[PDB]
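Below sits a lone chain in structure tokens, taken as the form deposited in one PDB entry.
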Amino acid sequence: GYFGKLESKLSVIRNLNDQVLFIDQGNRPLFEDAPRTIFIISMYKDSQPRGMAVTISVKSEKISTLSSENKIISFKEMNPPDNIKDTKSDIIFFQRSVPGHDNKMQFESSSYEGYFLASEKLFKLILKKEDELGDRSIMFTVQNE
């Protein structure tokens, strides 16, 4: 159906190597060993309830929102909107607890089922079909700011 924005949490996101996600000078989501590291995870209610729907955005001189458009991860220059009319959206991810790693998170693209945000070694945030159980690269520590 459609999505409606609820509350936001300010968040630092780390991969399995304890590296911090950041938006670089070229608007690329990268990981490194501060405002370009502060991510806004906005929760959305869904009229077709399937799981915790979120957008991930960051304020670094303007607001950029993470997108899985074209099966590539990038930032778009936009505020996460109050309503998203699409059933699937390039800016919506379903956030879950990781099976067996109960303090860790994974983010599934709502646009491309079974594809996940993943850290890939530059250290990039990429989008990744999960092909294997216990793939650590799709697991994240999401720390409260």
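All residue numbers refer to positions in the sequence shown, first residue = 1.
Not on display, but discussed next: the form solved in complex with a partner chain.
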Notebook entry, point to check: Applying a 4.5 Å heavy atom distance criterion, does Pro49 contact the partner chain in the bound PDB entry?
Noted result: yes
Next item on the list: Please run the contact check for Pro35 against the partner chain in the bound PDB entry: heavy atoms, 4.5 angstroms, yes or no?
Entry: no
Checklist line | Close approach of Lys59 to the partner chain in the bound PDB entry, 4.5 Å, heavy atom | finding: no
